[PDB]
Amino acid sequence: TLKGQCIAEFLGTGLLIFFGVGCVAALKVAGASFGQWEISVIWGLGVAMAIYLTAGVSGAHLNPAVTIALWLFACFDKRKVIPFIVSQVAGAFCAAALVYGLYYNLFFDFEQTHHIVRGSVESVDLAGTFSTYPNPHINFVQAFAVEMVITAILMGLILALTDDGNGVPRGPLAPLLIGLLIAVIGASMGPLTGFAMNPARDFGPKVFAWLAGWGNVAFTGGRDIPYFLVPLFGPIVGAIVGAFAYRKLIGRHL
């Protein structure tokens, strides 16, 4: 039932944000030792678990860019596109709230200790706990290209890993492999834009940080062009290219 699938998409998306935002909070306000690889593998494995939990019900999109691409290139029912997307964004938002609630005290003590004013340009770093912001050395267009390229890779490899007509079927290994895929993308490209690749994963938590005291910088990242636009459209404009490229360059040759 659609209602059951929307619930799964809500829970699955919330689950990966819980693990994801959770580990970044540990790094930022709990002093945990996490390198780029550790942060990336935790996000990836977190995603794998979310897939294992919801694949049997909704098919585990847990990503608006993936839903839209599967609609355009996988015959996914267009009537379920918006219901899935609203569920994904709602789950991400709620999970972000839950993580903030559990780490609550550490956020305030860190801001107090380091004299950080939440909502200021300097608080964007802590806001990074919830969503993505661009590397200091790159601009809007450059950040957009990054998200576009990595999401295309994400979509393309998701199709390849789940395409049973491509080599030996992965079976139950598929979700795990998708998690490791996210891990290598995060390790190789993460320093540039925080490998968002998912509109729900970014906007939901951004809206929460906005409500929790970070204000407008949660959306702009302290940049002239409001940054939230990149994690919103770059992934969509990227998953479509990825899906297209797979069928034309790999599938059409299987």
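Counting begins at 1, following the sequence as shown.
Output the stretch having the higher mean C-alpha B factor in the entry; the candidates are 88-96 and 164-172.
The stretch with the larger average C-alpha B-factor is 164-172.
Segment of higher mean CA temperature factor, 146-154 or 76-84:
According to the PDB entry, the answer is 76-84.
Highest Cα B-factor in the PDB entry belongs to which of 51, 211, 70, 197?
Among 51, 211, 70, 197, the PDB entry lists the largest C-alpha B-factor for 70.
Among the modelled residues of its chain, does the C-alpha B-factor of residue 227 lie in the lowest, middle or highest third?
Ranked within chain, residue 227 CA B lands in the highest tercile.
Which third, lowest, middle or highest, does the CA B-factor of residue 55 fall in along this chain?
Top third by C-alpha B-factor.
Chain-wide C-alpha B factor ranking for residue 113, given as lowest, middle or highest third:
It falls in the top third of the chain.
Chain thirds of CA B-factor: placement of residue 241
Middle third of the chain for residue 241's C-alpha B-factor.
Ranked against its chain, the third holding the CA B-factor of residue 201:
As the PDB entry reports it, the C-alpha B-factor of residue 201 lands in the middle third of its chain.
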